[PDB]
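We name chains A, B, ... by the order of the sequence lines, and we start the count at 1 in each one.
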There are 2 protein chains.
Amino acid sequence: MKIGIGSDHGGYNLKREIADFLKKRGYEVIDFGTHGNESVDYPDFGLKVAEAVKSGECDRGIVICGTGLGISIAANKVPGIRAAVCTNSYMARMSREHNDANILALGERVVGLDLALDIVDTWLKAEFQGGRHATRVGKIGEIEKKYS
Amino acid sequence: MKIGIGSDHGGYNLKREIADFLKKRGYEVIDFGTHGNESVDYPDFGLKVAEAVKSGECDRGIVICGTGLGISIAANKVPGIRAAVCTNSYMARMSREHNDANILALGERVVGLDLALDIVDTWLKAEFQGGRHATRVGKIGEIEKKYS
Ligand SMILES: O=C[C@H](O)[C@H](O)[C@H](O)CO
Ligand SMILES: O=C[C@H](O)[C@H](O)[C@H](O)CO
């Protein structure tokens with residue numbers, strides 16, 4: 001499965017580390033930048049990732065900034081995107097099992113590298129559980145439809 | 001200022017504790033439910049708080065579920081809303097300083113009571129820094145306008 005990855009300059013080093021981790025594990029990775037330490041705007045990169053997931057060019061995405069917060073708020077503006085800011089593996093698992101998140105958000109300034117790899121590992125392996133969780137995900141879809 | 005709060009059954013007990021904390025400090029609190037431990041759907045209560053913040057009936061909102069994830073994703077579907085899921089005081093502070101978050105999201109199954117009160121304290125007292133952070137909040141606005 002193809003993973004889209006993106007960051008601002010606040011998530012760029014952790015992005016390089018996760019790109020490396022993902023390839024070693026045999027995922028195909030599309031990197032939407034940013035491509036250096038220059039100051040950039042997290043919404044641009046959140047959008048590239050979220051649009052790639054929306055359009056099926058990626059199956060899922062990972063977005064990284066200092067805290068994860070800005071880039072995932074932005075990613076969540078896109079209809080059909082469910083971006084989950086996770087700071088431990090329990091949140092990562094539930095974001096798959098309950099919320100069927102198709103974007104994982106991370107904060108390079110909040111979680112250390114090995115904690116972030118545990119989180120990414122957990123999230124890639126967890127599976128949506130349907131049932132009442134599909135019903136609730138539909139109700140997120142109803143919000144999107146209301147403001148569309 | 002007036003604070004809207006809401007939860008699903010997974011966030012109901014933390015909600016009661018936070019309401020009590022906020023009153024004690026002299027905030028006006030509008031509780032949007034849920035009002036018991038019955039199984040409910042986090043988007044309904046996310047929407048209620050998010051629409052109250054948007055309509056200016058509350059100044060800011062606090063939304064609570066098991067992880068904070070579902071309710072914050074749903075709250076983020078409403079234009080003009082910026083819901084931040086925080087698991088520590090640092091994230092809470094940055095979410096105000098950088099992202100100008102007007103909803104705090106919490107997970108009752110992730111953060112213990114006194115940590116959650118530390119996060120709420122930090123979040124209520126932090127202030128938006130403007131500047132380049134305003135520019136980036138406008139680019140979040142551009143995404144909402146694109147899918148509007
Ligand atoms: O929420 C966005 C991120 O924290 C950004 O990396 C910081 O603003 C870096 O200045
Ligand atoms: O993201 C929403 C929360 O995890 C909910 O409280 C749980 O699904 C409770 O079943």
For A/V110, is it the side chain, the backbone, both or neither that has a heavy atom under 4.5 Å from a heavy atom of chain B? side chain
Considering all heavy atoms of both residues, which atom of A/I73 and which atom of B/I81 are nearest to each other, and what is their separation? CG2-O, 4.5 Å
Do A/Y27 and A/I119 share a hydrophobic cluster (ILVMFWY, side-chain heavy atoms under 4.5 Å, transitive)? yes
Under a 4.5 Å heavy-atom cutoff, which of B/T135, B/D44, B/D8 has the most pairs with chain A? B/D44
How far apart are the closest heavy atoms of B/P43 and A/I140, and which atoms are they? CG-CG1, 3.7 Å
Option in A/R82, A/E51, A/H133, A/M94 with maximal non-hydrogen atom pairs under 4.5 Å from chain B: A/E51
State plainly whether one hydrophobic cluster holds both A/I30 and A/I64, where clusters connect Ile, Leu, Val, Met, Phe, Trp and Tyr through side-chain heavy atoms under 4.5 angstrom apart. no
Show the nearest heavy-atom pair for residues B/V40 and A/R136, with the distance to one decimal. O-NH2, 3.1 Å
Smallest separation among heavy atoms of A/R109 and B/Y90, with atom names: CD-OH, 3.9 Å
Heavy-atom distances under 4.5 Å only: say whether B/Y147 touches chain A with side chain, backbone, both or neither. both
Rounded distance [0.5 Å steps], SG in A/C65 versus CG in B/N99: 7.0 Å
Please determine whether a side-chain nitrogen of the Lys or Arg among A/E142 and B/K77 lies less than 4.0 Å from a carboxylate oxygen of the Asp or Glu. no
Residue pair A/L69 / B/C86: nearest heavy atoms and the distance that separates them: CD1-SG, 4.5 Å
Sort out for me which of A/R132, A/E144, A/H98 touches chain B most, counting heavy-atom pairs under 4.5 Å. A/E144
Give, as side chain, backbone, both or neither, the part of B/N88 having an atom under 4.5 angstrom from any heavy atom of chain A. side chain
Is it the backbone or the side chain of B/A84 that comes under 4.5 Å from a heavy atom of chain A, or both, or neither? both
Contact origin within A/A50 toward chain B - heavy atom pairs under 4.5 Å: neither
Same apolar cluster: A/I103 and A/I71, side chain cutoff 4.5 Å: yes
Decide if atom NZ of A/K125 counts as having more than 12 heavy atoms of other residues, nucleotides or ligands within a radius under 6.0 Å. yes
Are B/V49 and B/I62 connected in a single hydrophobic cluster, I mean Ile/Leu/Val/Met/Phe/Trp/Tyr linked by side-chain heavy atoms less than 4.5 Å apart? no
Verdict with supporting geometry, B/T87 and A/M91, side chain to side chain contact (heavy atoms under 4.5 Å, CB included): CA-CA 10 Å; B/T87 51; A/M91 291 179 76; 3.8 Å; yes
Does B/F32 share a hydrophobic cluster with B/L106, counting links as ILVMFWY side-chain heavy atoms below 4.5 Å and allowing steps through other members? no
